[PDB]
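Following: one structure in structure tokens, then a few remarks.
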Amino acid sequence: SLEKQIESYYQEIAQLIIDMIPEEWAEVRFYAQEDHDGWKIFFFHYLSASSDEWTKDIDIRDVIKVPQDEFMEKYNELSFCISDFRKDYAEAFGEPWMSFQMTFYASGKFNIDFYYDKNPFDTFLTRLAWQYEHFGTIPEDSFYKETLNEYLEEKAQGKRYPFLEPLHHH
Amino acid sequence: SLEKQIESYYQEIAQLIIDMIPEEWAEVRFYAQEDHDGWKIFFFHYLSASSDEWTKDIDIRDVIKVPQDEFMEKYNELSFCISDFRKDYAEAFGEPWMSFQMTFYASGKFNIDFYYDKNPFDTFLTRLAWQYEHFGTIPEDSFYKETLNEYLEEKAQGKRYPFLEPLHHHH
């Protein structure tokens, strides 16, 4: 079925991410983006089981035990998998996704949503805005805070970027 | 012309590498490989203008002052450029290259060669073997050393891997 084939892409992507995570995790959220011209942004965050804090993929290198090339190899395979998935999806569906979001849990639950919007933001600002939407994080550094304001002023005008957003007292 | 179009890829690849380099540099050596199923290895080293020591691409991230995502962005663009190049080259000439090496200098001078062999080694060992062939490096760490032995054992049998060797009767 088409559903099972989508599950296989999920499993293959999740496994590559799991291969890069150096410790026990409770939850992972992954963002992947590619346009018609091959411009790409992708990253994941994961909830550490032992500290209960979210950790960025890019921070793994600080604590990594295996050689860097081993990590970069999985990174490459993940970047390939994203592009290969996009082509096949476009051949089947008739058009490509522009981005997707995937969350998965220790329990084996997952969900994946596809989006067809252009992202006007660069990699650095895409991650901060993604963080902001997913976890309410304002960053500590002042330059990072200023950069996040770029996104926040866009939202203040009534613009929305559902591609980087998660899914009555007073 | 075909010559101009292909030189335009070389320049675009060099510029992406230069964007990642955080200091003055005298020389860069680049290796790139992709097969038919999209399996990829690529990396560069550059020669510092002062030190003057060779530095690995992967070690740049210890010293950068920009956010990591800015470097990862340039990394992604370089990676795409490689695959985009390969695919256009295959369309034009009928068969893709399997790997290539490029050296370029501060002056804008460069040398390049294309290969059509399959590399049986993985990313980690490929760099070790590439470093062994370009700079004669033998790793201090004993795990790194015994990994390189896998490659040296092949060489003891007369096997050669020109896709990772640098681009006479004196003693």
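Identifiers in this document derive from the order of the structure tokens: chains are assigned A, B, ..., residues are numbered from 1 separately in each chain, and ligands are numbered from 1 in order of occurrence.
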Interface, chain B side, toward chain A (10 Å; only C-alpha atoms) as a PyMOL selection string: chain B and resi 37-43+58-59+61-62+67-74+76-77+79-81+83-84+122-127+144
Please provide the set of residues having any atom within 12 Å of residue 65 in chain A, restricted to only C-alpha atoms, with same-chain residues fewer than 5 positions apart removed, written as a ChimeraX atom specification. /A:20-23,60,70-71
Could those selected residues go to a file with N, CA and C atoms, as a compact mmCIF listing (two decimals), in the first residue's frame?
# COMPACT_ATOMS: atom_id res chain seq x y z
N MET A 20 22.55 8.51 14.74
CA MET A 20 23.32 9.71 15.11
C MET A 20 23.17 10.11 16.58
N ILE A 21 22.05 9.76 17.20
CA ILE A 21 21.81 10.11 18.61
C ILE A 21 22.69 9.24 19.53
N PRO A 22 23.51 9.87 20.39
CA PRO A 22 24.53 9.14 21.14
C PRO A 22 24.07 8.61 22.50
N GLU A 23 22.77 8.68 22.77
CA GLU A 23 22.28 8.37 24.11
C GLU A 23 20.81 8.02 24.00
N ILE A 60 25.41 17.33 19.19
CA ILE A 60 25.93 15.97 19.32
C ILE A 60 27.46 15.91 19.17
N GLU A 70 32.14 9.19 10.90
CA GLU A 70 31.04 8.23 11.04
C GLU A 70 29.70 8.95 11.17
N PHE A 71 29.69 10.03 11.94
CA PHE A 71 28.51 10.85 12.08
C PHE A 71 28.18 11.49 10.71
Using CA of residue 88 in chain A and CA of residue 101 in chain A as the two end points, give the distance in Å to one decimal.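 Straight-line distance from CA of residue 88 in chain A to CA of residue 101 in chain A works out to 17.5 Å.
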Strand (DSSP E or B) per DSSP on the backbone: members of range 2-158 of chain A, as a VMD selection string: chain A and resid 25 to 34 40 to 48 54 to 56 99 to 105 110 to 115
Those same residues - N, CA, C and O atoms - I'd like them written as a CSV table (one decimal), in the first residue's frame.
chain,number,residue,atom,x,y,z
A,25,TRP,N,16.9,8.3,24.1
A,25,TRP,CA,16.0,9.4,23.8
A,25,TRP,C,14.6,9.1,24.1
A,25,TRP,O,14.2,7.9,24.0
A,26,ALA,N,13.7,10.0,24.3
A,26,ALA,CA,12.3,9.8,24.6
A,26,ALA,C,11.4,10.2,23.4
A,26,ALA,O,10.3,9.5,23.1
A,27,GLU,N,11.9,11.2,22.7
A,27,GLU,CA,11.1,11.8,21.6
A,27,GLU,C,12.1,12.4,20.6
A,27,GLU,O,13.1,12.9,21.0
A,28,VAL,N,11.7,12.5,19.3
A,28,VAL,CA,12.5,13.1,18.3
A,28,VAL,C,11.6,13.9,17.4
A,28,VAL,O,10.5,13.4,17.1
A,29,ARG,N,12.0,15.2,17.1
A,29,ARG,CA,11.3,16.0,16.0
A,29,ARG,C,12.3,16.4,15.0
A,29,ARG,O,13.4,16.8,15.3
A,30,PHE,N,11.8,16.2,13.7
A,30,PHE,CA,12.6,16.3,12.6
A,30,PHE,C,11.9,17.2,11.6
A,30,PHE,O,10.7,17.2,11.5
A,31,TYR,N,12.7,18.1,11.0
A,31,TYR,CA,12.2,19.1,10.0
A,31,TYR,C,13.1,18.9,8.7
A,31,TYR,O,14.3,18.8,8.8
A,32,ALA,N,12.4,18.8,7.6
A,32,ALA,CA,13.2,18.6,6.3
A,32,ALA,C,12.5,19.5,5.3
A,32,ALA,O,11.3,19.6,5.2
A,33,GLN,N,13.3,20.1,4.5
A,33,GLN,CA,12.8,21.1,3.5
A,33,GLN,C,13.7,21.0,2.2
A,33,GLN,O,14.9,21.1,2.3
A,34,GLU,N,13.0,20.9,1.1
A,34,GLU,CA,13.8,21.0,-0.2
A,34,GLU,C,12.9,21.7,-1.2
A,34,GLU,O,11.7,21.3,-1.4
A,40,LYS,N,18.2,23.2,0.4
A,40,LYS,CA,17.7,22.3,1.4
A,40,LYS,C,18.1,22.8,2.8
A,40,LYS,O,19.1,23.3,3.1
A,41,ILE,N,17.1,22.5,3.8
A,41,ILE,CA,17.3,22.7,5.2
A,41,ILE,C,16.7,21.5,5.9
A,41,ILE,O,15.6,21.0,5.5
A,42,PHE,N,17.5,20.9,6.8
A,42,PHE,CA,16.9,19.8,7.6
A,42,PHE,C,17.6,19.7,8.9
A,42,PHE,O,18.8,20.1,9.0
A,43,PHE,N,16.9,19.3,10.0
A,43,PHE,CA,17.6,19.2,11.3
A,43,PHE,C,16.6,18.5,12.2
A,43,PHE,O,15.5,18.4,11.9
A,44,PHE,N,17.2,17.9,13.3
A,44,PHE,CA,16.3,17.3,14.3
A,44,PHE,C,16.7,17.8,15.6
A,44,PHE,O,17.8,18.2,15.8
A,45,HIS,N,15.7,17.7,16.5
A,45,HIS,CA,16.0,17.8,18.0
A,45,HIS,C,15.5,16.5,18.7
A,45,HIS,O,14.6,15.9,18.2
A,46,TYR,N,16.1,16.2,19.8
A,46,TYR,CA,15.7,15.0,20.5
A,46,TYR,C,15.6,15.2,22.0
A,46,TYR,O,16.5,15.9,22.6
A,47,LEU,N,14.6,14.6,22.6
A,47,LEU,CA,14.5,14.7,24.1
A,47,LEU,C,15.3,13.6,24.7
A,47,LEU,O,15.0,12.4,24.6
A,48,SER,N,16.4,14.0,25.4
A,48,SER,CA,17.2,13.1,26.2
A,48,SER,C,16.4,12.4,27.3
A,48,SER,O,15.7,13.1,28.1
A,54,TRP,N,15.7,19.0,25.7
A,54,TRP,CA,15.8,18.8,24.3
A,54,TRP,C,17.3,19.2,23.9
A,54,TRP,O,17.9,20.1,24.5
A,55,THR,N,17.8,18.4,22.9
A,55,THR,CA,19.2,18.6,22.5
A,55,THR,C,19.1,18.7,20.9
A,55,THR,O,18.5,17.9,20.2
A,56,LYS,N,19.9,19.6,20.4
A,56,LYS,CA,20.0,19.8,19.0
A,56,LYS,C,21.0,18.8,18.3
A,56,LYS,O,22.0,18.5,18.9
A,99,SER,N,8.3,20.8,2.2
A,99,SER,CA,8.9,20.5,3.5
A,99,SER,C,8.0,19.5,4.1
A,99,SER,O,6.9,19.2,3.7
A,100,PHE,N,8.6,18.8,5.2
A,100,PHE,CA,7.8,18.0,6.1
A,100,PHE,C,8.3,18.1,7.5
A,100,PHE,O,9.4,18.6,7.7
A,101,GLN,N,7.4,17.7,8.4
A,101,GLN,CA,7.7,17.6,9.8
A,101,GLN,C,7.4,16.2,10.3
A,101,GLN,O,6.4,15.6,9.8
A,102,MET,N,8.3,15.6,11.1
A,102,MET,CA,8.1,14.2,11.6
A,102,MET,C,8.4,14.3,13.1
A,102,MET,O,9.4,14.9,13.5
A,103,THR,N,7.6,13.7,13.9
A,103,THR,CA,7.8,13.5,15.3
A,103,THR,C,7.8,12.0,15.5
A,103,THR,O,6.9,11.3,14.9
A,104,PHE,N,8.6,11.4,16.3
A,104,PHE,CA,8.4,10.0,16.8
A,104,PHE,C,8.8,9.8,18.2
A,104,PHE,O,9.6,10.6,18.8
A,105,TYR,N,8.3,8.8,18.9
A,105,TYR,CA,8.4,8.5,20.3
A,105,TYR,C,9.0,7.2,20.6
A,105,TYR,O,9.0,6.3,19.7
A,110,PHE,N,4.5,7.6,15.6
A,110,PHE,CA,5.0,8.7,14.8
A,110,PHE,C,3.8,9.4,14.1
A,110,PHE,O,2.7,8.9,14.0
A,111,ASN,N,4.1,10.6,13.6
A,111,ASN,CA,3.3,11.3,12.6
A,111,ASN,C,4.2,12.1,11.7
A,111,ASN,O,5.3,12.7,12.1
A,112,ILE,N,3.8,12.2,10.4
A,112,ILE,CA,4.4,13.0,9.4
A,112,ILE,C,3.4,13.8,8.6
A,112,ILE,O,2.4,13.3,8.2
A,113,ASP,N,3.7,15.1,8.5
A,113,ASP,CA,2.8,16.1,7.7
A,113,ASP,C,3.7,16.8,6.7
A,113,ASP,O,4.8,17.1,6.9
A,114,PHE,N,3.0,16.9,5.5
A,114,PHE,CA,3.7,17.5,4.3
A,114,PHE,C,3.1,18.9,4.1
A,114,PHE,O,2.0,19.2,4.3
A,115,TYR,N,4.0,19.8,3.6
A,115,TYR,CA,3.6,21.2,3.4
A,115,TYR,C,4.1,21.6,2.0
A,115,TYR,O,5.0,21.0,1.4
Could you pull out all residues of chain B with a DSSP call of alpha helix (DSSP H) and give them as number ranges by chain? B: 2-20, 68-93, 123-135, 142-155
Neighbouring residues of range 18-25 of chain B were defined as those with any atom within 9 Å, considering only C-alpha atoms; residues of the same chain fewer than 3 positions away were excluded. Please report them as a PyMOL selection string. chain B and resi 13-15+28+46-50+52+57+60+63-65+70-71+74-75+105-106
Could you write out the selected residues, including N, CA and C atoms, as a compact mmCIF listing (two decimals), in the first residue's frame?
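And here's part.txt as it stands now:
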# COMPACT_ATOMS: atom_id res chain seq x y z
N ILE B 13 32.23 25.32 -6.79
CA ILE B 13 32.64 24.37 -5.76
C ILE B 13 33.74 24.99 -4.90
N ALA B 14 34.76 25.57 -5.55
CA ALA B 14 35.83 26.29 -4.83
C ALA B 14 35.27 27.42 -3.97
N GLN B 15 34.34 28.20 -4.50
CA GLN B 15 33.76 29.31 -3.72
C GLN B 15 32.98 28.81 -2.49
N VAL B 28 43.96 24.41 -1.04
CA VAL B 28 42.86 23.54 -0.64
C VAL B 28 42.95 22.27 -1.44
N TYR B 46 42.54 22.16 3.99
CA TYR B 46 43.16 23.36 3.48
C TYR B 46 44.44 23.66 4.25
N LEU B 47 45.39 24.27 3.56
CA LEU B 47 46.69 24.65 4.14
C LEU B 47 46.63 26.08 4.65
N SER B 48 46.75 26.24 5.96
CA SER B 48 46.75 27.57 6.58
C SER B 48 47.88 28.47 6.05
N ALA B 49 47.62 29.78 5.93
CA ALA B 49 48.61 30.71 5.35
C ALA B 49 49.74 31.04 6.34
N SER B 50 49.40 31.09 7.63
CA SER B 50 50.41 31.29 8.67
C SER B 50 51.15 30.02 9.16
N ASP B 52 52.43 26.74 9.01
CA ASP B 52 51.40 26.60 8.02
C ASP B 52 51.08 25.10 8.04
N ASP B 57 38.37 19.92 7.03
CA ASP B 57 37.04 20.56 7.02
C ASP B 57 36.27 20.40 8.33
N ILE B 60 37.04 22.69 11.34
CA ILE B 60 36.69 24.10 11.24
C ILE B 60 35.64 24.47 12.32
N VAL B 63 36.54 26.10 15.69
CA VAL B 63 37.03 27.47 15.76
C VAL B 63 36.07 28.52 15.22
N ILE B 64 35.07 28.13 14.43
CA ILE B 64 34.19 29.14 13.83
C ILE B 64 33.57 30.05 14.87
N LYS B 65 33.25 31.27 14.45
CA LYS B 65 32.55 32.18 15.35
C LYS B 65 31.11 32.42 14.90
N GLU B 70 25.11 28.13 9.96
CA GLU B 70 25.61 28.84 8.81
C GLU B 70 26.60 27.98 8.05
N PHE B 71 27.43 27.25 8.80
CA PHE B 71 28.40 26.35 8.22
C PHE B 71 27.62 25.16 7.61
N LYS B 74 26.31 25.96 4.26
CA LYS B 74 27.29 25.93 3.16
C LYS B 74 27.65 24.49 2.84
N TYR B 75 27.78 23.67 3.88
CA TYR B 75 27.96 22.22 3.70
C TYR B 75 26.89 21.61 2.79
N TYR B 105 44.64 26.92 -5.43
CA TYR B 105 45.55 27.76 -4.66
C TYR B 105 45.00 29.18 -4.46
N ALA B 106 45.57 29.91 -3.50
CA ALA B 106 45.26 31.35 -3.31
C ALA B 106 45.22 32.18 -4.61
Within 7 Å of range 132-142 of chain B, counting only C-alpha atoms, which residues show up once you throw out same-chain ones fewer than 6 positions away? Write them as a PDB file with C-alpha atoms, in the first residue's frame, please.
ATOM      1  CA  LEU B 164      42.761   9.155  -3.606  1.00  0.00           C
ATOM      2  CA  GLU B 165      46.396   9.702  -4.551  1.00  0.00           C
ATOM      3  CA  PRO B 166      47.940  13.205  -5.123  1.00  0.00           C
TER       4      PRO B 166
END
With only C-alpha atoms as the counted atoms, please give the residues lying no more than 10 Å from residue 108 in chain B, apart from itself and same-chain residues fewer than 4 positions off, as an NGL selection string. :B and (11 or 14 or 27 or 104)
Using the selection just defined, write its residues with N, CA and C atoms as a short mmCIF file (atom, residue, chain, number, x, y, z; two decimals), in the first residue's frame.
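Now in again11.cif:
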data_model
loop_
_atom_site.label_atom_id
_atom_site.label_comp_id
_atom_site.auth_asym_id
_atom_site.auth_seq_id
_atom_site.Cartn_x
_atom_site.Cartn_y
_atom_site.Cartn_z
N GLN B 11 34.58 26.49 -10.17
CA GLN B 11 34.63 27.77 -9.49
C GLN B 11 33.54 27.86 -8.42
N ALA B 14 34.76 25.57 -5.55
CA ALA B 14 35.83 26.29 -4.83
C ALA B 14 35.27 27.42 -3.97
N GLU B 27 46.22 26.89 0.16
CA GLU B 27 45.94 25.76 -0.72
C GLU B 27 44.78 24.97 -0.15
N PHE B 104 43.27 23.59 -5.42
CA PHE B 104 43.32 24.96 -5.88
C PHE B 104 44.12 25.80 -4.93
#
When you draw a straight line from CA of residue 100 in chain B to CA of residue 151 in chain B, how long is it in Å?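 Answer for the CA of residue 100 in chain B to CA of residue 151 in chain B separation: 19.4 Å.
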Non-local contacts of range 110-112 of chain B (9 Å; only C-alpha atoms; under 6 positions in same chain excluded) as a PyMOL selection string: chain B and resi 10+100-104+167
If we count only C-alpha atoms, what is near residue 96 in chain B at a cut-off of 7 Å, once residues fewer than 2 positions away on the same chain are taken out, given as a PyMOL selection string? chain B and resi 86-87+89-90+94+98
Can you write out the residues you just picked, keeping N, CA, C and O atoms, as a short mmCIF file (atom, residue, chain, number, x, y, z; two decimals), in the first residue's frame?
data_model
loop_
_atom_site.label_atom_id
_atom_site.label_comp_id
_atom_site.auth_asym_id
_atom_site.auth_seq_id
_atom_site.Cartn_x
_atom_site.Cartn_y
_atom_site.Cartn_z
N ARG B 86 27.18 16.13 -11.07
CA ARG B 86 27.27 14.74 -11.53
C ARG B 86 26.15 14.41 -12.48
O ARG B 86 26.34 13.75 -13.50
N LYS B 87 24.97 14.89 -12.16
CA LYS B 87 23.80 14.54 -12.95
C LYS B 87 23.82 15.24 -14.32
O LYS B 87 23.49 14.63 -15.32
N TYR B 89 26.60 16.37 -15.80
CA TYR B 89 27.72 15.78 -16.48
C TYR B 89 27.30 14.48 -17.15
O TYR B 89 27.66 14.24 -18.30
N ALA B 90 26.51 13.66 -16.45
CA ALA B 90 26.01 12.38 -17.00
C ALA B 90 25.06 12.59 -18.17
O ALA B 90 25.15 11.88 -19.15
N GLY B 94 26.97 11.33 -21.12
CA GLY B 94 26.44 9.97 -21.24
C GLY B 94 26.81 9.02 -20.12
O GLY B 94 26.13 8.01 -19.95
N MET B 98 32.70 8.89 -11.15
CA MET B 98 32.45 8.21 -9.88
C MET B 98 33.03 9.03 -8.72
O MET B 98 32.46 9.06 -7.64
#
Among the residues B:78, B:32, B:17, B:129, the one that comes closest to residue 97 in chain B [using only C-alpha atoms]: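 When distances to residue 97 in chain B are compared using only C-alpha atoms, the smallest one comes from B:32.
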